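Colleague: First the structure, which I've put down as structure tokens, then a few questions once you've had a look.
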Amino acid sequence: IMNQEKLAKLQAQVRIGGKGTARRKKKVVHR
Amino acid sequence: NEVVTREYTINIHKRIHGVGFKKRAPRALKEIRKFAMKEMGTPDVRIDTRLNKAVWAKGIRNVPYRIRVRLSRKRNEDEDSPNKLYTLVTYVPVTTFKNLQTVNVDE
Amino acid sequence: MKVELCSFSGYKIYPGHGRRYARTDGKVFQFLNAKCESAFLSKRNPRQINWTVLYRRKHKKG
Amino acid sequence: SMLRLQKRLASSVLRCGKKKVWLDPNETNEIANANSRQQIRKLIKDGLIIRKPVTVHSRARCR
Amino acid sequence: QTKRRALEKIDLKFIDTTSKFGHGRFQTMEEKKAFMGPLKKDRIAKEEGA
Amino acid sequence: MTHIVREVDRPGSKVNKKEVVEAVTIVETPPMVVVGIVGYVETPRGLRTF
RNA sequence: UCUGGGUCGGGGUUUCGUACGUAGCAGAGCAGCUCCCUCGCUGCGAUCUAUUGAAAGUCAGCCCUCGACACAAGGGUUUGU
RNA sequence: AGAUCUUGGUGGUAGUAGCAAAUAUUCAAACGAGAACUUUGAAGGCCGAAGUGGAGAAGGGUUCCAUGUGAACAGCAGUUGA
Ligand SMILES: [Mg+2]
Ligand SMILES: [Mg+2]
Ligand SMILES: [Mg+2]
Ligand SMILES: [Mg+2]
Ligand SMILES: [Mg+2]
Ligand SMILES: [Mg+2]
Ligand SMILES: [Mg+2]
Ligand SMILES: [Mg+2]
Ligand SMILES: [Mg+2]
Ligand SMILES: [Mg+2]
Ligand SMILES: [Mg+2]
């Protein structure tokens, strides 16, 4: 689930470049 | 105070006039660094990457005449360094530059 | 304070400005600045150039 | 700290050149921990490496 | 001074005051304003002051 | 500097009683302020300050 | 200092020549619609007109501000009959 | 003391000539004591398929690869390197 705090930071990490670049699809860590 | 942030517009055309084609944008970076240097007196000046991109948006020689930046003096008490205050310069997009002062924005 | 002339653009050529030009047919023309000379020699219609007096009168402007 | 071998392995794995290989800048030490193509594939599953899309060469102008 | 080049009475008829910062064609601001009439900046300025 | 239209009173010339446009220069000359007096006495070796 | 000088802005000057958007029974014509219109309406259409001597630049070595901002009685090195 | 003598070493020149052929780099972060030069990301560029791309022949012979080093070399530098 998402709240304002989670989406507000997620916007920053999903964008990995300037306008016209692919958005990040996932960042998952596994052990 | 000492954590103040302000809003500026920079006559890049004024500070670039005369330099060669392939030095216009790097010299623009140097002159915005020296602008922040003489404004906040902070030896440490950091330029946001989005601001650099905004500088180079029209190649190396067609540098924009006017850039609306925003300076922010922050505390460098995060590590042992000789300088305790630094200035971030962040790009502020605007639609026009007419009737723009230097305005004291809050935090 | 001398005799006043009007340019290719119909402007106000104050004494000590611009140039005059002569032609074989006998016509004498005066020009305010080299922009007017270059416009005239290229055979450009003054009534079509936006900023000349003749255009302003043809379009009733002002 | 140094990521040329990992970038080479990622370019060979993804069948794209080193131009189209994106290593996450903030998260570096796990990429440096990768030394084999198997760990590279684990990271490409984990999303820490992304193949970048092709630079567009539009033909609408020509059409 | 004894030559006729000196001992000359000087009586000026006209003094040029056009712009030297480029090809000026107006002597003074009043002549310019009368010549070219109201403009857009003057239009909006007289709009602000009604 | 600028230029001046004026009249000529030069007898025997082609330009007698004819207009001329002549280049002139402007030099701003605000009034002086006298603040001292110095004296010089003539010497065989030159002119020394007394 | 009766402050000062900067940095933006404003005004002047000047250069070029009328910006984007919008409107138009302007527009060579062309493609569709006629319970419809009785001569109409919907698109495509370079170019033109109004908005528009507009837009943009304008000192870095141009002129004047008294508008806004912060900065400035600070550093270092020597010098004696 | 000579032989434009033989061998070796050392001066001025001189911190001088110079390190200018082939368009061009910039920002942030990391590591590290140290960053113009390394790496990663962002940006701007160039080679423009008769390439600065991908593989061979002759020739080189371990230069290939992993890890570590900052002695010397890479005519500046280096955390990098044939
Ligand atoms: Mg001049
Ligand atoms: Mg100004
Ligand atoms: Mg002998
Ligand atoms: Mg010898
Ligand atoms: Mg030298
Ligand atoms: Mg050199
Ligand atoms: Mg290109
Ligand atoms: Mg090219
Ligand atoms: Mg090849
Ligand atoms: Mg070296
Ligand atoms: Mg190797």
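Here the Cβ positions follow ideal geometry from the backbone for every residue, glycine too, while neighbour counts run over all protein chains shown. Throughout, read-outs are computed from the coordinates displayed, never taken from laboratory work.
Colleague: Just to be sure before I move on: is C:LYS43 more than 9 Å from every other protein chain (Cβ to nearest Cβ) and on the phi > 0 side of the Ramachandran plot in the structure I sent?
Modeller: Details: more than 9 Å from every other protein chain (Cβ to nearest Cβ): yes; on the phi > 0 side of the Ramachandran plot: yes.
Yes, satisfied.
Colleague: Among the aliphatic types (A, V, I, L, M), more than 14 Å from chain F (Cβ to nearest Cβ) and more than 6 Å from RNA strand G (Cβ to nearest atom) - does that describe any residue in segment E:38-45?
Modeller: Within segment E:38-45, the first condition is being among the aliphatic types (A, V, I, L, M), and the residues that meet it are E:39, E:44-45.
Next, only the ones that are more than 14 Å from chain F (Cβ to nearest Cβ) stay: E:39, E:44-45.
Subsequent filtering for residues that are more than 6 Å from RNA strand G (Cβ to nearest atom) retains E:44-45.
Yes, some residue in segment E:38-45 is among the aliphatic types (A, V, I, L, M), more than 14 Å from chain F (Cβ to nearest Cβ) and more than 6 Å from RNA strand G (Cβ to nearest atom).
Colleague: How many residues does segment F:1-31 hold that are within 14 Å of chain E (Cβ to nearest Cβ), farther than 21 Å from E:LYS3 by Cα and not β-branched (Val, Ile, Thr)?
Modeller: 4
Colleague: Still on this model: Could you list, in sequence order, the residues of segment E:2-25 that are part of a loop (DSSP other than H, G, I, E, B), within 14 Å of chain F (Cβ to nearest Cβ) and under 18 Å from C:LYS2 (Cα atoms)?
Modeller: E:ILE10, E:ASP11, E:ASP16, E:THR17, E:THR18, listed by residue number.
Colleague: I would also like to ask the following. Which one is farthest from RNA strand G (Cβ to nearest atom), of the residues in segment D:33-47 that are among the charged types (D, E, K, R) and surrounded by 13 or more Cβ atoms within 10 Å (Cβ to Cβ)? Before the answer, list the steps.
Modeller: In the first step, residues of segment D:33-47 are kept if they are among the charged types (D, E, K, R); the result is D:37, D:41-42, D:45-46.
Within this subset, residues satisfying the condition of being surrounded by 13 or more Cβ atoms within 10 Å (Cβ to Cβ) are D:37, D:41-42, D:46.
Numbers: D:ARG37: 53, D:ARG41: 50, D:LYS42: 51, D:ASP46: 46 Å.
Result: D:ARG37.
Colleague: Ok, one more. In segment C:1-41, what residues are closer than 13 Å to E:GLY24 by Cα and aliphatic (A, V, I, L, M)?
Modeller: Those that are closer than 13 Å to E:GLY24 by Cα and aliphatic (A, V, I, L, M): C:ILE13, C:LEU32, C:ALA34.
Colleague: Okay, moving on. Of the residues B:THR87, B:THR42, which is away from ligand 1 (no atom under 16 Å from the Cβ) and farther than 25 Å from A:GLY18 by Cβ?
Modeller: Working: B:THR87 fails: farther than 25 Å from A:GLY18 by Cβ.
Checking each option against the conditions leaves just B:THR42.
Colleague: Given the residues C:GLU4, C:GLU37, which is the only one that is of a type in the set (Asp, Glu) and more than 14 Å from chain F (Cβ to nearest Cβ)? Spell out the reasoning first.
Modeller: Numbers: C:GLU4 fails: more than 14 Å from chain F (Cβ to nearest Cβ).
Unique residue meeting the criteria: C:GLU37.
Colleague: Suppose we keep only residues that are surrounded by 11 or more Cβ atoms within 10 Å (Cβ to Cβ) and part of a helix (DSSP H, G or I) within segment E:26-37. Which one would you say is farthest from RNA strand G (Cβ to nearest atom)?
Modeller: Step by step, filter segment E:26-37, then rank; the result is E:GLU31.
Colleague: The conditions are (1) surrounded by fewer than 16 Cβ atoms within 10 Å (Cβ to Cβ); (2) in contact with a helix residue (DSSP H, G or I) (Cβ under 8 Å, 6 or more places away or on another chain), and D:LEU5 fails exactly one of them. Which is it?
Modeller: Going through (1) surrounded by fewer than 16 Cβ atoms within 10 Å (Cβ to Cβ); (2) in contact with a helix residue (DSSP H, G or I) (Cβ under 8 Å, 6 or more places away or on another chain) one by one, D:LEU5 breaks only (2).
Condition check ((1) touching a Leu at 6+ places or on another chain (Cβ under 7 Å); (2) of a type in the set (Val, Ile, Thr); (3) surrounded by 15 or more Cβ atoms within 10 Å (Cβ to Cβ)) across all residues:
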| residue | (1), (2), (3) |
| --- | --- |
| D:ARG15 | no, no, no |
| D:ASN26 | no, no, no |
| D:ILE31 | yes, yes, yes |
| D:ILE49 | yes, yes, yes |
| D:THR55 | no, yes, no |
| D:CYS62 | no, no, no |
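Colleague: Does B:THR9 meet the test of being more than 15 Å from RNA strand H (Cβ to nearest atom), without any contact (Cβ under 8 Å) to a residue 24 or more places away in the chain and among the β-branched types (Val, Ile, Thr)? It would help to see each step written out before you state the result.
Modeller: Details: more than 15 Å from RNA strand H (Cβ to nearest atom): yes; without any contact (Cβ under 8 Å) to a residue 24 or more places away in the chain: no; among the β-branched types (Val, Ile, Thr): yes.
Against the criterion (more than 15 Å from RNA strand H (Cβ to nearest atom), without any contact (Cβ under 8 Å) to a residue 24 or more places away in the chain and among the β-branched types (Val, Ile, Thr)), B:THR9 does not qualify.
Colleague: Let me spell it out: the conditions are (1) within 16 Å of ligand 1 (Cβ to nearest atom); (2) under 21 Å from C:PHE31 (Cβ atoms); (3) not hydrophobic (A, V, I, L, M, F, W, C), and E:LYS32 meets all of them except one. Which number is the exception?
Modeller: Evaluating E:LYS32 over (1) within 16 Å of ligand 1 (Cβ to nearest atom); (2) under 21 Å from C:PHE31 (Cβ atoms); (3) not hydrophobic (A, V, I, L, M, F, W, C) leaves (1) as the failure.
Colleague: Sticking with this structure for a sec: Which one is farthest from the other protein chains (Cβ to nearest Cβ), of the residues in segment C:46-62 that are in a loop (DSSP other than H, G, I, E, B) and surrounded by 17 or more Cβ atoms within 10 Å (Cβ to Cβ)? Before the answer, list the steps.
Modeller: In the first step, residues of segment C:46-62 are kept if they are in a loop (DSSP other than H, G, I, E, B); the result is C:46-52, C:59-62.
Cutting the leftovers down to surrounded by 17 or more Cβ atoms within 10 Å (Cβ to Cβ) gives us C:46, C:52.
Details: C:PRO46: 16, C:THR52: 13 Å.
Here the residue is C:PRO46.
Colleague: Hey, another quick one. Hey, B:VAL103 hits all of (1) in contact (Cβ under 8 Å) with a residue 60 or more places away in the chain; (2) within 11 Å of RNA strand G (Cβ to nearest atom); (3) in contact with a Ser or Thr (Cβ under 8 Å, 6 or more places away or on another chain) but one; which does it fall short on?
Modeller: So the condition that B:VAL103 fails would be (3).
Colleague: Among the residues of segment F:32-39, are any within 14 Å of chain E (Cβ to nearest Cβ), part of a loop (DSSP other than H, G, I, E, B) and within 30 Å of E:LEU12 (Cβ to Cβ)?
Modeller: No: segment F:32-39 contains no residue that is within 14 Å of chain E (Cβ to nearest Cβ), part of a loop (DSSP other than H, G, I, E, B) and within 30 Å of E:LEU12 (Cβ to Cβ).
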